[PDB]
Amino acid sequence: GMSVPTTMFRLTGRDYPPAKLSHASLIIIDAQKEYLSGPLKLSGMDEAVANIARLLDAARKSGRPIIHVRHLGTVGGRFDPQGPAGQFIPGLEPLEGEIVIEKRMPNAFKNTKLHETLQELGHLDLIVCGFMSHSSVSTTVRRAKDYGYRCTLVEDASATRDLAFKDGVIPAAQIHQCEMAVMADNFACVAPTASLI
């Protein structure tokens, strides 16, 4: 057969199974209207949002803990909390009983008590989705590793945008695939929505 890279997980024998929704807490990062238009408009949003909605539906049907994260934002600015950009994406609004936090940093733990909350909920397995894959999602998943959580990142329920590399452009798909490979190497199980619901 064909030789391929080995994940840090498999090399060290630290690979864990993907999360089962039935034993997990679901975390939806930054499902906000900022990402539907303007310079932060993300690629492949129709399907990523449809998949977040599927995960939410499944989590609610199953009675699982659900945590919604949003940017604190800036009044009159990006993720404006007094304007459309700070609002939840239609269909991805929280319901009564669900946890909702506001954060300043890409790391959703920093000054939010997300750690205390996840301790209280009692699950080491986290299912993670949202935006942007390379920034708040990547950072939060990495931080969760430090606290000993097992993350399963839902690759088709997350998105990013085209990024600059010097005076050129890397498509959103290429950024996203690279970050999914990076996550799978050493920071999370990476899985499609259909495998969880």
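From 1 onward, residues are counted along the sequence shown.
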Which is higher in the entry, the mean Cα B factor of 23-31 or that of 132-140? 23-31
Check the entry's C-alpha temperature factors for 173-181 and 9-17, then say which stretch has the higher mean. 9-17
Among modelled residues of the same chain, the CA temperature factor third for residue 67: lowest
Binned into thirds over the chain's modelled residues, the C-alpha B-factor of residue 76 lands in the highest
Can you tell me whether residue 112 has a C-alpha B-factor in the lowest, middle or highest third compared with the other modelled residues of the same chain? middle
Where does the C-alpha B-factor of residue 85 rank in its chain, lowest, middle or highest third? lowest
Split the chain's modelled residues into thirds by Cα B-factor; is residue 161 in the lowest, middle or highest one? middle
